[PDB]
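Source file: structure_33.cif; contents: mmCIF, C-alpha atoms and all ligand atoms.
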```
data_model
#
loop_
_atom_site.label_atom_id
_atom_site.label_comp_id
_atom_site.auth_asym_id
_atom_site.auth_seq_id
_atom_site.Cartn_x
_atom_site.Cartn_y
_atom_site.Cartn_z
CA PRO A 1 94.60 149.88 96.05
CA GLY A 2 97.62 148.69 94.08
CA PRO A 3 101.20 149.95 94.13
CA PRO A 4 102.06 153.57 94.94
CA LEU A 5 101.80 156.22 92.23
CA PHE A 6 104.62 158.71 91.71
CA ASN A 7 105.30 161.51 89.24
CA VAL A 8 108.65 161.86 87.48
CA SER A 9 109.08 165.11 85.58
CA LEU A 10 111.19 164.61 82.45
CA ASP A 11 111.97 168.34 82.36
CA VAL A 12 114.28 168.07 85.38
CA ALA A 13 117.86 166.99 84.73
CA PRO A 14 118.23 163.18 84.58
CA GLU A 15 120.19 163.02 87.84
CA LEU A 16 117.47 164.82 89.83
CA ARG A 17 114.18 163.53 88.39
CA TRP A 18 114.15 160.22 90.30
CA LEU A 19 115.11 161.69 93.69
CA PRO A 20 111.69 162.97 94.85
CA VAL A 21 110.55 159.34 94.56
CA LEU A 22 113.42 157.88 96.59
CA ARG A 23 112.52 160.13 99.53
CA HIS A 24 109.54 157.82 100.14
CA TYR A 25 111.76 154.72 100.42
CA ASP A 26 114.11 153.49 103.13
CA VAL A 27 117.66 153.55 101.75
CA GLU A 28 118.45 150.31 103.58
CA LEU A 29 115.69 148.42 101.75
CA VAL A 30 116.97 149.45 98.31
CA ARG A 31 120.62 148.75 99.11
CA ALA A 32 119.63 145.31 100.42
CA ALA A 33 117.67 144.69 97.20
CA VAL A 34 120.68 145.54 95.02
CA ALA A 35 122.92 143.32 97.15
CA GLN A 36 120.37 140.50 96.84
CA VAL A 37 120.15 140.70 93.04
CA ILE A 38 123.91 141.10 92.50
CA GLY A 39 125.39 138.90 95.22
CA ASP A 40 123.14 136.02 94.18
CA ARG A 41 123.64 136.28 90.41
CA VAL A 42 127.12 137.81 90.00
CA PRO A 43 130.34 136.25 91.36
CA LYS A 44 132.47 138.41 93.63
CA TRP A 45 135.33 138.63 91.12
CA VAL A 46 133.10 139.67 88.21
CA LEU A 47 131.69 142.37 90.49
CA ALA A 48 135.28 143.37 91.25
CA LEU A 49 136.28 143.89 87.61
CA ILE A 50 133.08 145.76 86.72
CA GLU A 51 133.64 148.06 89.71
CA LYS A 52 137.19 148.82 88.57
CA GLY A 53 136.18 149.51 84.96
CA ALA A 54 132.79 151.11 85.52
CA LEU A 55 133.51 154.41 83.76
CA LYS A 56 134.68 152.60 80.63
CA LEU A 57 131.37 150.72 80.76
CA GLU A 58 129.50 153.99 81.31
CA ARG A 59 130.80 155.75 78.18
CA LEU A 60 128.95 153.21 76.01
CA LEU A 61 125.43 153.20 77.43
CA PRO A 62 122.97 155.99 76.55
CA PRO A 63 123.79 159.23 78.41
CA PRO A 64 120.31 159.73 79.92
CA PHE A 65 120.29 156.05 80.90
CA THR A 66 123.42 156.24 83.06
CA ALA A 67 122.65 159.77 84.27
CA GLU A 68 119.42 158.71 85.98
CA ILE A 69 121.23 155.77 87.58
CA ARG A 70 124.19 157.90 88.64
CA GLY A 71 122.02 160.50 90.36
CA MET A 72 120.20 157.83 92.37
CA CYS A 73 123.40 156.08 93.45
CA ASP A 74 124.75 159.40 94.72
CA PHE A 75 121.53 159.77 96.74
CA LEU A 76 121.51 156.22 98.17
CA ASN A 77 125.31 156.07 98.56
CA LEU A 78 125.57 153.02 96.28
CA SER A 79 128.43 152.29 93.91
CA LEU A 80 127.67 153.36 90.35
CA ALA A 81 128.82 149.90 89.28
CA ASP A 82 126.17 148.31 91.51
CA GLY A 83 123.61 150.62 89.90
CA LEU A 84 124.48 149.77 86.31
CA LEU A 85 124.48 146.04 87.06
CA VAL A 86 120.89 145.84 88.33
CA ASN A 87 119.71 148.13 85.52
CA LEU A 88 121.34 145.59 83.17
CA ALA A 89 120.18 142.53 85.12
CA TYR A 90 118.13 141.35 82.14
CA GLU A 91 120.93 141.83 79.61
CA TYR A 92 123.26 140.06 82.06
CA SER A 93 121.44 136.69 81.99
CA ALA A 94 119.29 136.81 78.81
CA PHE A 95 121.02 134.48 76.37
CA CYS B 1 106.29 136.05 81.76
CA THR B 2 102.91 136.24 80.03
CA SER B 3 101.74 139.10 77.82
CA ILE B 4 98.27 139.11 76.25
CA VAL B 5 96.82 141.52 73.70
CA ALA B 6 93.22 140.80 72.74
CA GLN B 7 90.29 142.37 70.89
CA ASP B 8 86.67 142.18 72.04
CA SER B 9 83.46 141.79 70.04
CA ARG B 10 82.82 145.54 69.75
CA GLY B 11 86.37 146.20 68.52
CA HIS B 12 88.33 147.42 71.57
CA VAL B 13 91.94 146.39 72.14
CA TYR B 14 92.91 145.24 75.64
CA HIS B 15 96.39 144.57 77.00
CA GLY B 16 97.54 142.70 80.10
CA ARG B 17 100.73 141.09 81.30
CA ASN B 18 102.32 139.11 84.13
CA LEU B 19 105.88 139.88 85.24
CA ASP B 20 107.48 136.67 86.53
CA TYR B 21 110.94 137.13 88.04
CA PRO B 22 112.84 135.78 91.07
CA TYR B 23 113.63 137.94 94.12
CA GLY B 24 109.91 138.49 94.58
CA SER B 25 109.85 139.18 98.32
CA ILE B 26 112.07 142.22 97.72
CA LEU B 27 110.65 143.49 94.42
CA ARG B 28 107.01 143.43 95.54
CA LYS B 29 108.00 146.14 98.03
CA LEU B 30 109.69 148.23 95.31
CA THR B 31 107.02 147.97 92.60
CA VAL B 32 105.60 151.36 91.63
CA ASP B 33 103.43 153.02 88.99
CA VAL B 34 105.25 156.01 87.52
CA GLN B 35 103.61 158.81 85.51
CA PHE B 36 106.36 160.47 83.51
CA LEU B 37 105.42 164.09 82.83
CA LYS B 38 106.29 166.63 80.15
CA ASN B 39 105.50 170.34 80.43
CA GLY B 40 103.29 169.28 83.35
CA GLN B 41 101.18 166.81 81.35
CA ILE B 42 101.36 163.03 81.58
CA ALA B 43 103.40 161.89 78.58
CA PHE B 44 103.11 158.18 79.46
CA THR B 45 102.64 155.77 82.35
CA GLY B 46 104.81 152.83 83.33
CA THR B 47 105.36 150.21 86.01
CA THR B 48 108.86 149.50 87.29
CA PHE B 49 110.89 148.93 90.46
CA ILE B 50 112.39 151.79 92.48
CA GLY B 51 115.96 152.07 91.23
CA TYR B 52 115.21 150.53 87.81
CA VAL B 53 114.91 153.28 85.18
CA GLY B 54 113.64 151.01 82.40
CA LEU B 55 110.07 149.93 81.75
CA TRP B 56 108.76 146.46 80.99
CA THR B 57 105.12 147.64 81.07
CA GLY B 58 103.95 151.03 79.84
CA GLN B 59 101.21 153.00 78.13
CA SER B 60 101.23 156.11 75.97
CA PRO B 61 97.70 157.51 76.49
CA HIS B 62 95.61 157.48 73.32
CA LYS B 63 98.35 155.84 71.27
CA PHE B 64 99.61 152.41 72.31
CA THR B 65 100.53 150.06 75.15
CA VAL B 66 103.67 147.91 75.18
CA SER B 67 105.07 145.19 77.43
CA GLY B 68 108.13 142.96 77.27
CA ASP B 69 108.74 139.27 77.86
CA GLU B 70 112.08 137.51 78.18
CA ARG B 71 113.52 135.64 75.19
CA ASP B 72 116.67 133.66 76.01
CA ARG B 73 118.40 132.81 72.74
CA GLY B 74 122.02 132.97 71.62
CA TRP B 75 125.24 132.94 73.64
CA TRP B 76 126.49 134.99 76.56
CA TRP B 77 129.17 136.72 74.48
CA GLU B 78 126.62 138.04 71.98
CA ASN B 79 125.25 140.35 74.67
CA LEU B 80 128.79 141.50 75.47
CA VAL B 81 129.69 142.42 71.88
CA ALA B 82 126.26 143.91 71.19
CA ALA B 83 126.60 146.20 74.22
CA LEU B 84 130.30 147.14 74.14
CA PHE B 85 131.53 146.99 70.54
CA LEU B 86 128.28 147.83 68.72
CA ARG B 87 126.60 150.20 71.23
CA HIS B 88 123.20 148.52 71.03
CA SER B 89 120.36 149.48 73.37
CA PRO B 90 119.02 147.75 76.49
CA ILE B 91 115.56 146.21 76.25
CA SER B 92 113.85 148.10 79.09
CA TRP B 93 115.30 151.41 77.86
CA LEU B 94 114.14 151.07 74.25
CA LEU B 95 110.69 150.22 75.60
CA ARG B 96 110.64 153.48 77.57
CA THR B 97 112.16 155.58 74.79
CA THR B 98 109.35 154.36 72.53
CA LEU B 99 106.62 155.28 75.02
CA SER B 100 108.12 158.80 75.03
CA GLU B 101 109.06 159.52 71.41
CA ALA B 102 106.79 157.29 69.30
CA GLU B 103 103.86 159.29 67.95
CA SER B 104 101.58 156.46 66.80
CA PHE B 105 100.98 152.74 67.14
CA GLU B 106 102.69 152.23 63.78
CA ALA B 107 105.81 154.19 64.74
CA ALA B 108 105.95 152.36 68.08
CA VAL B 109 105.94 148.97 66.34
CA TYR B 110 108.60 150.19 63.90
CA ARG B 111 111.03 151.29 66.61
CA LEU B 112 110.48 148.22 68.79
CA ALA B 113 110.98 145.98 65.75
CA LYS B 114 114.01 147.53 64.03
CA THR B 115 116.04 149.19 66.79
CA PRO B 116 119.16 147.12 67.63
CA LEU B 117 119.20 145.52 71.08
CA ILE B 118 121.69 143.89 73.42
CA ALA B 119 119.55 140.76 73.81
CA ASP B 120 116.43 139.16 72.37
CA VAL B 121 112.95 139.94 73.69
CA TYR B 122 109.25 139.73 72.87
CA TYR B 123 107.65 143.17 72.50
CA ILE B 124 103.86 142.93 72.72
CA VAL B 125 102.22 146.13 71.46
CA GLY B 126 98.61 147.27 71.60
CA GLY B 127 96.76 150.13 70.01
CA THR B 128 93.70 152.38 70.09
CA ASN B 129 91.91 151.02 66.99
CA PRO B 130 90.71 147.52 66.03
CA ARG B 131 93.20 144.96 64.69
CA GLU B 132 96.07 146.97 66.23
CA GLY B 133 97.95 144.34 68.23
CA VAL B 134 101.19 142.55 67.34
CA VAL B 135 103.83 140.43 69.06
CA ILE B 136 107.35 141.37 67.93
CA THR B 137 109.86 138.52 68.26
CA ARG B 138 113.19 140.33 68.28
CA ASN B 139 116.71 139.38 67.34
CA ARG B 140 119.55 141.69 68.31
CA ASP B 141 119.83 143.03 64.74
CA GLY B 142 116.15 143.29 63.83
CA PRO B 143 112.80 141.51 63.96
CA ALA B 144 112.54 137.75 63.60
CA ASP B 145 108.75 137.57 63.22
CA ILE B 146 105.70 139.79 63.64
CA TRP B 147 102.47 138.12 64.76
CA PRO B 148 99.40 140.29 64.04
CA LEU B 149 95.80 140.18 65.18
CA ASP B 150 93.33 138.74 62.67
CA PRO B 151 89.81 138.66 64.12
CA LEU B 152 87.97 137.75 60.91
CA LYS B 153 90.26 134.69 60.64
CA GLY B 154 89.51 133.50 64.18
CA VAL B 155 92.52 135.06 65.95
CA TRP B 156 91.13 137.68 68.34
CA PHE B 157 93.87 137.31 70.97
CA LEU B 158 97.65 136.89 71.03
CA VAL B 159 99.20 135.02 73.96
CA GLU B 160 102.96 135.40 74.36
CA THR B 161 104.87 133.81 77.25
CA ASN B 162 108.63 133.19 76.82
CA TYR B 163 108.84 130.99 73.70
CA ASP B 164 108.40 131.37 69.95
CA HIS B 165 104.70 131.22 69.09
CA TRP B 166 105.23 129.09 65.95
CA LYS B 167 106.65 126.20 68.01
CA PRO B 168 105.17 123.86 70.62
CA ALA B 169 105.43 125.10 74.19
CA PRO B 170 107.74 122.99 76.39
CA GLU B 171 106.00 120.43 78.57
CA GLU B 172 107.81 121.65 81.69
CA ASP B 173 106.72 125.31 81.38
CA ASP B 174 103.50 125.48 79.34
CA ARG B 175 101.73 128.60 80.57
CA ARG B 176 100.44 129.22 77.04
CA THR B 177 97.68 126.58 76.90
CA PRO B 178 95.94 127.58 80.18
CA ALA B 179 96.03 131.23 79.10
CA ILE B 180 94.55 130.26 75.72
CA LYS B 181 92.01 127.86 77.24
CA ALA B 182 90.89 130.49 79.75
CA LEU B 183 90.64 133.04 76.94
CA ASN B 184 88.56 130.65 74.83
CA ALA B 185 86.14 130.29 77.75
CA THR B 186 85.94 134.03 78.43
CA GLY B 187 84.81 134.60 74.84
CA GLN B 188 85.38 137.59 72.58
CA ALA B 189 82.00 138.96 73.71
CA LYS B 190 82.66 139.25 77.46
CA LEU B 191 86.31 140.35 77.14
CA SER B 192 87.12 143.31 79.39
CA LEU B 193 89.90 144.48 81.70
CA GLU B 194 88.50 142.57 84.68
CA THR B 195 87.93 139.42 82.61
CA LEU B 196 91.47 139.67 81.23
CA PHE B 197 92.85 140.15 84.74
CA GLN B 198 91.17 136.85 85.64
CA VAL B 199 92.93 135.03 82.79
CA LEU B 200 96.29 136.22 84.14
CA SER B 201 95.29 134.85 87.57
CA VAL B 202 94.93 131.23 86.39
CA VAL B 203 97.57 128.78 87.60
CA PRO B 204 100.23 128.33 86.26
CA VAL B 205 99.93 131.60 84.31
CA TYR B 206 99.80 133.06 87.84
CA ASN B 207 102.69 131.26 89.54
CA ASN B 208 104.93 131.71 92.57
CA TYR B 209 107.20 133.98 90.50
CA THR B 210 104.46 136.47 89.56
CA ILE B 211 105.30 139.87 91.05
CA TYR B 212 102.57 142.08 89.57
CA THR B 213 99.79 141.92 86.98
CA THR B 214 99.00 144.91 84.77
CA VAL B 215 95.98 145.40 82.52
CA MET B 216 95.56 148.46 80.32
CA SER B 217 93.91 149.85 77.20
CA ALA B 218 95.54 152.63 75.18
CA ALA B 219 92.13 154.02 74.19
CA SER B 220 91.05 154.33 77.85
CA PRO B 221 94.28 155.41 79.58
CA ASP B 222 92.62 156.22 82.91
CA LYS B 223 91.82 152.50 83.34
CA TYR B 224 95.48 151.52 83.69
CA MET B 225 95.48 149.07 86.60
CA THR B 226 98.37 147.29 88.31
CA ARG B 227 97.94 144.86 91.21
CA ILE B 228 100.88 143.42 93.13
CA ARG B 229 100.44 139.67 93.56
CA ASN B 230 101.29 137.62 96.67
CA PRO B 231 101.40 134.07 95.26
CA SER B 232 100.97 131.14 97.62
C1 LIG C 1 121.85 164.80 92.68
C2 LIG C 1 123.28 165.08 93.11
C3 LIG C 1 123.41 166.56 93.49
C4 LIG C 1 123.53 164.29 94.41
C5 LIG C 1 124.27 164.55 92.01
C6 LIG C 1 124.96 165.57 91.00
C7 LIG C 1 126.24 166.11 91.62
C8 LIG C 1 125.39 164.73 89.79
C9 LIG C 1 124.05 166.72 90.45
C10 LIG C 1 124.21 168.05 90.87
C11 LIG C 1 123.40 169.06 90.36
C12 LIG C 1 122.43 168.76 89.41
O1 LIG C 1 121.61 169.80 88.89
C13 LIG C 1 121.58 169.87 87.47
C14 LIG C 1 120.61 170.99 87.04
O2 LIG C 1 120.85 171.29 85.67
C15 LIG C 1 119.71 171.72 84.95
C16 LIG C 1 120.12 171.95 83.48
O3 LIG C 1 120.95 170.89 83.07
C17 LIG C 1 122.27 167.45 88.98
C18 LIG C 1 123.08 166.43 89.50
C1 LIG C 2 128.59 145.26 81.74
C2 LIG C 2 127.76 143.98 81.98
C3 LIG C 2 128.69 142.79 82.18
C4 LIG C 2 127.01 144.19 83.30
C5 LIG C 2 126.65 143.78 80.87
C6 LIG C 2 127.06 143.13 79.48
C7 LIG C 2 125.93 143.46 78.51
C8 LIG C 2 128.36 143.70 78.91
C9 LIG C 2 127.15 141.57 79.62
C10 LIG C 2 126.00 140.82 79.86
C11 LIG C 2 126.08 139.43 79.99
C12 LIG C 2 127.31 138.78 79.88
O1 LIG C 2 127.38 137.35 80.02
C13 LIG C 2 128.52 136.86 80.73
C14 LIG C 2 128.14 135.98 81.94
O2 LIG C 2 129.29 135.92 82.78
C15 LIG C 2 129.86 134.65 83.05
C16 LIG C 2 130.26 133.89 81.77
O3 LIG C 2 129.81 132.55 81.88
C17 LIG C 2 128.45 139.53 79.63
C18 LIG C 2 128.37 140.91 79.50
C1 LIG C 3 116.48 148.45 93.23
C2 LIG C 3 116.84 147.21 92.43
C3 LIG C 3 115.66 146.78 91.55
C4 LIG C 3 116.14 146.14 90.26
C5 LIG C 3 116.17 144.63 90.40
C6 LIG C 3 116.44 143.97 89.06
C7 LIG C 3 115.28 144.24 88.12
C8 LIG C 3 115.38 143.37 86.88
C9 LIG C 3 114.01 143.28 86.24
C10 LIG C 3 114.14 142.49 84.95
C11 LIG C 3 112.77 142.20 84.38
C12 LIG C 3 112.84 140.89 83.60
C13 LIG C 3 111.99 140.92 82.35
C14 LIG C 3 110.95 139.85 82.53
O1 LIG C 3 109.87 140.15 83.08
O2 LIG C 3 111.17 138.69 82.15
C1 LIG C 4 128.68 156.40 102.06
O1 LIG C 4 129.71 155.73 101.34
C2 LIG C 4 131.03 156.18 101.67
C3 LIG C 4 131.99 155.45 100.75
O2 LIG C 4 131.53 154.14 100.44
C4 LIG C 4 131.31 155.92 103.15
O3 LIG C 4 132.59 156.45 103.48
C5 LIG C 4 130.24 156.58 104.01
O4 LIG C 4 130.42 156.22 105.38
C6 LIG C 4 128.86 156.14 103.56
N1 LIG C 4 127.83 156.83 104.33
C7 LIG C 4 126.61 156.32 104.52
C8 LIG C 4 125.68 157.16 105.33
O5 LIG C 4 126.28 155.24 104.05
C1 LIG C 5 101.07 164.14 89.02
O1 LIG C 5 100.92 165.30 88.20
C2 LIG C 5 99.56 165.62 87.89
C3 LIG C 5 99.57 166.67 86.80
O2 LIG C 5 100.87 166.82 86.25
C4 LIG C 5 98.91 166.09 89.18
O3 LIG C 5 97.58 166.53 88.92
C5 LIG C 5 98.90 164.92 90.15
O4 LIG C 5 98.38 165.35 91.40
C6 LIG C 5 100.30 164.34 90.36
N1 LIG C 5 100.20 163.07 91.06
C7 LIG C 5 100.91 162.76 92.15
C8 LIG C 5 100.65 161.40 92.73
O5 LIG C 5 101.71 163.54 92.65
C1 LIG C 6 104.01 127.55 94.82
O1 LIG C 6 104.71 126.29 95.03
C2 LIG C 6 103.99 125.36 95.85
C3 LIG C 6 104.91 124.18 96.08
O2 LIG C 6 105.23 123.51 94.87
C4 LIG C 6 102.69 124.99 95.14
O3 LIG C 6 101.97 124.05 95.93
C5 LIG C 6 101.86 126.24 94.93
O4 LIG C 6 100.67 125.93 94.22
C6 LIG C 6 102.66 127.28 94.14
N1 LIG C 6 101.90 128.50 94.00
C7 LIG C 6 101.46 128.97 92.83
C8 LIG C 6 100.68 130.24 92.88
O5 LIG C 6 101.69 128.38 91.77
CL CL C 7 90.59 145.62 93.08
CL CL C 8 104.96 161.85 102.86
CL CL C 9 108.35 131.11 85.17
CL CL C 10 92.16 157.29 70.95
CL CL C 11 121.36 132.45 67.52
CL CL C 12 113.12 158.89 78.23
CL CL C 13 108.01 158.41 65.26
CL CL C 14 114.82 152.53 64.07
CL CL C 15 117.18 142.48 59.76
CL CL C 16 104.51 131.47 74.00
CL CL C 17 113.43 130.56 72.50
CL CL C 18 95.83 143.91 95.84
#
```
Output the structure of this file as structure tokens.
Ligand SMILES: CC(C)(C)CC(C)(C)c1ccc(OCCOCCO)cc1
Ligand SMILES: CC(C)(C)CC(C)(C)c1ccc(OCCOCCO)cc1
Ligand SMILES: CCCCCCCCCCCCCC(=O)O
Ligand SMILES: *[C@@H]1O[C@H](CO)[C@@H](O)[C@H](O)[C@H]1NC(C)=O
Ligand SMILES: *[C@@H]1O[C@H](CO)[C@@H](O)[C@H](O)[C@H]1NC(C)=O
Ligand SMILES: *[C@@H]1O[C@H](CO)[C@@H](O)[C@H](O)[C@H]1NC(C)=O
Ligand SMILES: [Cl-]
Ligand SMILES: [Cl-]
Ligand SMILES: [Cl-]
Ligand SMILES: [Cl-]
Ligand SMILES: [Cl-]
Ligand SMILES: [Cl-]
Ligand SMILES: [Cl-]
Ligand SMILES: [Cl-]
Ligand SMILES: [Cl-]
Ligand SMILES: [Cl-]
Ligand SMILES: [Cl-]
Ligand SMILES: [Cl-]
Amino acid sequence: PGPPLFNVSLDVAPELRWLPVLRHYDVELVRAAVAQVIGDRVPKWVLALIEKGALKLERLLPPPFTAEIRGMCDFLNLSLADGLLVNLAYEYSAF
Amino acid sequence: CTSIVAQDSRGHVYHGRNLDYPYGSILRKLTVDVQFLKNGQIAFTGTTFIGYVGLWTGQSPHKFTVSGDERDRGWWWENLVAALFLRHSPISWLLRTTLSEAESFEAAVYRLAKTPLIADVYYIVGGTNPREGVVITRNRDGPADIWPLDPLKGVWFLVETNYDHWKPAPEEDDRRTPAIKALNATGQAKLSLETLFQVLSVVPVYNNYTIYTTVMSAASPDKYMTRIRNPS
């Protein structure tokens, strides 16, 4: 069988294209996954500073990159800083 | 990780990879195959985790297939400066941008090789014609080495794990040799998607950290196959 198969139209605005896929997923599961990847790898104080200066961090990354993350975090009720940190989980520990 | 691009006796290019990462129990439930569309038509196919907008395994139908493996080299503060002061690109986002904008296997290997990054990585690319298969060892500024297929010379497969291919694999984490050995036994004659999938299922190439195994061929896009693994 394999994993599920979803479509993601790239003609819809970045904030809305990933939302039809999230409907199929329990919000609690995703929010627990983010908390597991961040809480285990990131100290609480680092998470604090990134949460306070998230917008300054956002102005640097590609617009369509942060726009797809932002639209999902507004749907799941997650903090945009928690969304950018998992989407940069590789760049956070790859050195 | 473990990415493998190989060429069979008749001249077809096959591509498969293993994605080894902690937090497996959670990510196996979020793994998905995503078919990004354009004007209604599939523009490319990728495998990611719900909530992760980048791609570490993708396929542009009838053009190329690309996958990424981790390359830890440098210092922590090089990723900070590369991302903040220099506005470099993430690894999983450049891999997706290429699957979307690159028009040919040659343009896909150019972007993946020259585009500045925040951190190092191994980009393993495959194609639709024979001898189209390279392993791009990336710095943050540009490419550090490009390892091409050379069948007539006795190199019909490229095995990339998480270390430079011109150096001896560490004794603690040597998933290269068993992948090579199992590819030597399979033989260039009987190389197919299912026989490649078996190579990626050989311990320790298939370890407790393996989350999913993908096998694909740019020339036969409909055969894209991902299987979530439950190691034990
Ligand atoms: C998904 C939401 C509504 C929760 C988040 C926000 C407010 C950011 C939103 C709100 C509306 C929205 O629609 C954009 C349609 O534009 C098409 C041409 O650009 C996209 C996003
Ligand atoms: C915004 C981030 C921090 C999530 C991502 C960037 C790329 C800027 C990053 C990524 C990694 C990074 O390394 C610092 C590790 O922290 C503890 C030091 O021992 C620093 C920054
Ligand atoms: C909803 C949260 C899901 C995102 C969890 C973090 C995902 C990070 C994946 C990084 C892939 C590592 C590259 C590799 O295979 O070595
Ligand atoms: C969403 O988040 C806001 C602010 O963090 C909070 O006030 C609200 O109760 C949350 N609602 C749900 C359904 O999680
Ligand atoms: C995805 O889109 C294609 C064509 O754009 C359609 O035929 C197919 O049914 C869709 N798949 C899913 C799983 O929705
Ligand atoms: C997982 O770890 C256990 C304990 O070391 C080992 O016996 C087992 O073979 C490992 N599984 C895989 C798939 O490597
Ligand atoms: Cl099967
Ligand atoms: Cl449904
Ligand atoms: Cl490993
Ligand atoms: Cl073709
Ligand atoms: Cl260095
Ligand atoms: Cl894109
Ligand atoms: Cl191009
Ligand atoms: Cl470029
Ligand atoms: Cl250079
Ligand atoms: Cl290697
Ligand atoms: Cl290295
Ligand atoms: Cl299965």
Checklist entry - Which protein, DNA or RNA residues have an atom within 7 Å of ligand LIG 2 (chain C), counting only C-alpha atoms and all ligand atoms, as an MDAnalysis selection string? => result (chainID A and resid 50 57 84:85 88 91:93) or (chainID B and resid 76:77 79:80 83:84 118)
Checklist entry - Counting only C-alpha atoms, which residues from chain B have an atom at most 9 Å from any atom of chain A, and could you show them as a VMD selection string? => result chain B and resid 23 26 to 40 42 50 to 54 70 to 80 83 to 85 87 to 93 118 to 121 225 to 228
Item to check | Selection: 8 Å around residue B:66, only C-alpha atoms, excl. self and same-chain fewer than 3 positions, as a VMD selection string | outcome: chain B and resid 56 to 59 95 99 123 to 126
Kindly work out which residues sit at most 6 Å from ligand CL 16 (chain C), using only C-alpha atoms and all ligand atoms, and give the list as a PDB file with C-alpha atoms, in the frame of the given file.
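And here is the file that came out, pocket03.pdb:
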```pdb
ATOM      1  CA  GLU B 160     102.960 135.400  74.360  1.00  0.00           C
ATOM      2  CA  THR B 161     104.870 133.810  77.250  1.00  0.00           C
ATOM      3  CA  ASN B 162     108.630 133.190  76.820  1.00  0.00           C
ATOM      4  CA  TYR B 163     108.840 130.990  73.700  1.00  0.00           C
ATOM      5  CA  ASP B 164     108.400 131.370  69.950  1.00  0.00           C
ATOM      6  CA  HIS B 165     104.700 131.220  69.090  1.00  0.00           C
ATOM      7  CA  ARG B 176     100.440 129.220  77.040  1.00  0.00           C
TER       8      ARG B 176
END
```
Could you build a table of the residues in chain B lying no more than 12 Å from ligand CL 14 (chain C), giving for each the nearest pair of atoms and their separation in Å rounded to one decimal place, using only C-alpha atoms and all ligand atoms, ordered by chain and ascending residue number, as a Markdown table?
```
| residue | atom | partner | partner_atom | distance |
| --- | --- | --- | --- | --- |
| B:88 | CA | C:CL14 | CL | 11.6 |
| B:89 | CA | C:CL14 | CL | 11.2 |
| B:94 | CA | C:CL14 | CL | 10.3 |
| B:97 | CA | C:CL14 | CL | 11.5 |
| B:98 | CA | C:CL14 | CL | 10.2 |
| B:101 | CA | C:CL14 | CL | 11.7 |
| B:102 | CA | C:CL14 | CL | 10.7 |
| B:107 | CA | C:CL14 | CL | 9.2 |
| B:108 | CA | C:CL14 | CL | 9.7 |
| B:109 | CA | C:CL14 | CL | 9.8 |
| B:110 | CA | C:CL14 | CL | 6.6 |
| B:111 | CA | C:CL14 | CL | 4.7 |
| B:112 | CA | C:CL14 | CL | 7.7 |
| B:113 | CA | C:CL14 | CL | 7.8 |
| B:114 | CA | C:CL14 | CL | 5.1 |
| B:115 | CA | C:CL14 | CL | 4.5 |
| B:116 | CA | C:CL14 | CL | 7.8 |
| B:117 | CA | C:CL14 | CL | 10.8 |
| B:141 | CA | C:CL14 | CL | 10.8 |
| B:142 | CA | C:CL14 | CL | 9.3 |
| B:143 | CA | C:CL14 | CL | 11.2 |
```
Next on the checklist: Considering all atoms listed in the file, can you say which of B:157, B:147, B:197, B:209 comes closest to ligand CL 7 (chain C)?
Outcome noted: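 When distances to ligand CL 7 (chain C) are compared using all atoms listed in the file, the smallest one comes from B:197.
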Next on the checklist: What's the separation between atom CA of residue B:145 and atom CA of residue B:96, in Å to one decimal place?
Outcome noted: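 One can read the atom CA of residue B:145 to atom CA of residue B:96 distance as 21.5 Å.
What separates atom CA of residue B:63 from atom CA of residue B:128 is a distance of 5.9 Å.
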Checklist entry - Within 8 Å of residue B:148, counting all atoms listed in the file, which residues qualify if same-chain residues fewer than 2 places away don't, as a PyMOL selection string? => result chain B and resi 131-135+146+150+158
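Between atom CA of residue B:4 and atom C1 of ligand LIG 3 (chain C) the interatomic distance comes to 26.6 Å.
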Item to check | Distance criterion (all atoms listed in the file): nearest to residue B:129 out of B:182, B:203, B:149, B:215 | outcome: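 The closest residue to residue B:129 is B:149.
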Give the residue list for ligand LIG 4 (chain C) at 9 Å, counting all atoms listed in the file, as a compact mmCIF listing (two decimals) with C-alpha atoms, in the coordinates of the input, sorted by chain and then by residue number.
```txt
# COMPACT_ATOMS: atom_id res chain seq x y z
CA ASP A 74 124.75 159.40 94.72
CA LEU A 76 121.51 156.22 98.17
CA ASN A 77 125.31 156.07 98.56
CA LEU A 78 125.57 153.02 96.28
CA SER A 79 128.43 152.29 93.91
```
With 5 Å of padding per side, what axis-aligned box (centre and edge lengths, Å, one decimal) covers all the listed atoms of stretch 160-177 of chain B? Give it as JSON.
```
{"center_x": 103.3, "center_y": 127.9, "center_z": 73.8, "size_x": 21.2, "size_y": 25.0, "size_z": 25.7}
```
Item to check | Nearest to ligand CL 12 (chain C), chosen from A:82, A:16, A:70, A:63, with all atoms listed in the file counted in the distances | outcome: A:63
Item to check | Expected selection as a list in words for ligand LIG 6 (chain C) within 9 Å, only C-alpha atoms and all ligand atoms | outcome: residues 201, 202, 203, 204, 205, 206, 207, 208, 209, 210, 230, 231 and 232 of chain B
Please produce an output containing C-alpha atoms for each residue in the selection, written as a compact mmCIF listing (two decimals), in the coordinates of the input.
```txt
# COMPACT_ATOMS: atom_id res chain seq x y z
CA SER B 201 95.29 134.85 87.57
CA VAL B 202 94.93 131.23 86.39
CA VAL B 203 97.57 128.78 87.60
CA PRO B 204 100.23 128.33 86.26
CA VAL B 205 99.93 131.60 84.31
CA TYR B 206 99.80 133.06 87.84
CA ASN B 207 102.69 131.26 89.54
CA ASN B 208 104.93 131.71 92.57
CA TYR B 209 107.20 133.98 90.50
CA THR B 210 104.46 136.47 89.56
CA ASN B 230 101.29 137.62 96.67
CA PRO B 231 101.40 134.07 95.26
CA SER B 232 100.97 131.14 97.62
```
